[PDB]
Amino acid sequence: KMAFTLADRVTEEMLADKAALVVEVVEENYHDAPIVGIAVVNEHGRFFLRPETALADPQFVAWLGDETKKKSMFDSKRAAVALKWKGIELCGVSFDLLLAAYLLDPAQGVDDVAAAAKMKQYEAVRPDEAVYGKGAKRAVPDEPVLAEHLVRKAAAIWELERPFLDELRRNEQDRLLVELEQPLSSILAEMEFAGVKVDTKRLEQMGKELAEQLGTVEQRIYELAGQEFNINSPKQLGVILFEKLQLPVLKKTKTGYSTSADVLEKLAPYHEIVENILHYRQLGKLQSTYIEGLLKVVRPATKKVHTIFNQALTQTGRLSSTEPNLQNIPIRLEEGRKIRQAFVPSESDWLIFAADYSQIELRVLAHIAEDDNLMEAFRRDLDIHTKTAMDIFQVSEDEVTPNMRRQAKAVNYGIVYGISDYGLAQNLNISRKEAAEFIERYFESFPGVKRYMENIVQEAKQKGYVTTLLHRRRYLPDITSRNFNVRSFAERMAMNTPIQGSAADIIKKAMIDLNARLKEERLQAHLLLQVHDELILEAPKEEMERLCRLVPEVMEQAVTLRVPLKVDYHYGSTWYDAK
């Protein structure tokens, strides 16, 4: 049905200046993964190329790297990074169908071309899973079957571009695609390929010392319990706590007794064993995930880890980070924080530089809600996380520890994003009446925030979606639901999404601005990671002074709000020391 040339060699007509390009990587983690086939669709026709042929062809490599030869693709970051591992530069990506679909509707969870095509009732292409299979059965099919699939995906991209661009334009999201998400994709590609260097000697020694400590804590828990059991089994643990030891049952889930951290903390007045168990479960996660799990994914020759930043996953416009997740490295407890000493610069005499937006969603909220009490607190450079702390612990602005401030930060965001008196009461282990009284006084200090949250909920019910500063959108069909729980969740998404998503928009723009700046000043410094409202770079020790001005500046100037954006920063010999 669909005619294409199964080419044995690259020809001139394949190198047109506009094309849909497919560079197929079957493995989910595309780092150093095989490219199994290439397809090109342009004005002159449809072509399948063998990677061995095409990627060793100097005209084709030239064309890939030519920014004036425009390519339309699906998930160009995947292709760009796979090509980098093949030592080939990909330039000229002008349209990314994945990112287009994601902006039109993040809820569709589009993750292959077929799923994007479905959005415009385009059905002349198969889902990847149907072609490659799943799990132990996953495999590249016979060449003619593979070639047709890749060509059909290219043909789909070729035909779907205008219809997607048109709809994006109708939604005012065209610039969000072309000026924000697509340039960010190339930047993330650079960051993933660069990777972050790991001190495996240090990590392995931490691991050995952690194993000894675990055994010690383990034995202590068995002594306290009067029995050996699997502490890492909530089921077995529940039997020990609520049957053998007869501690009060505070919560159940569908599977049985809850042994959540919140529940165990509340049981501390009944038996000291619950504090030891909380400690054990923390240490065990450090070992399984941040020592063993991390060492498993280190590339042994370079000692680097290469995360994948999923740019088309979260419902709010944030990135996520996978395999490994480098956006959830411990920091809150010193015991875990020490893992960060194993993340080091990739060159000698280089340093890690970390910058963090201050009270970021509180600033964005002030701007969007136009709450005058709040817009003012930032014009007076107040720290609302700390003030809240002083209040909930009756402790004053000098005595507030980082930990207390951390807790207050969850209270602040909790309240603005719709926590109930019950939730705040369970969170601070205080009485519900007191919690309710606190929420009351909070919205008295910031009446505009309260008005904004009431108004954005009604607007969501009327329109069926909410939007961010740069026109990112989330649909919320459930919000007019007759069901209280379903409706309630949707209402709180209406309160939170515009704010968290606007904050995502901002740091994304900041990353693009920051890179352009690094280049024009010919600095060696480059981004390693983004952590939602943090940017982490590495650079020669001599560029620290310049970065101390460049980075906070670019991040603060990414957008202009009705309040000051404020960025905190540090650098040091390891990520840990960048404090």
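Counting begins at 1, following the sequence as shown.
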item	value
Selected stretch [higher average CA B-factor]: 155 to 163 or 77 to 85	155 to 163
Greater mean Cα temperature factor according to the PDB record, 17 to 25 or 564 to 572	564 to 572
Criterion, highest CA B-factor; candidates, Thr302, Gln121, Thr497, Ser72	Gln121
Identity of residue with top Cα B-factor, from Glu272, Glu243, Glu444, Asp105	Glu444
Third of the chain's Cα B-factor distribution that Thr216 belongs to, per the entry	middle
Entry-reported Cα temperature factor of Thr53, expressed as the chain third it lands in	highest
Within-chain third of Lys254 by Cα B-factor, per the entry	middle
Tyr417 by Cα B-factor - lowest, middle or highest third of the modelled chain	middle
B-factor third for the C-alpha atom of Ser288 within its chain	lowest
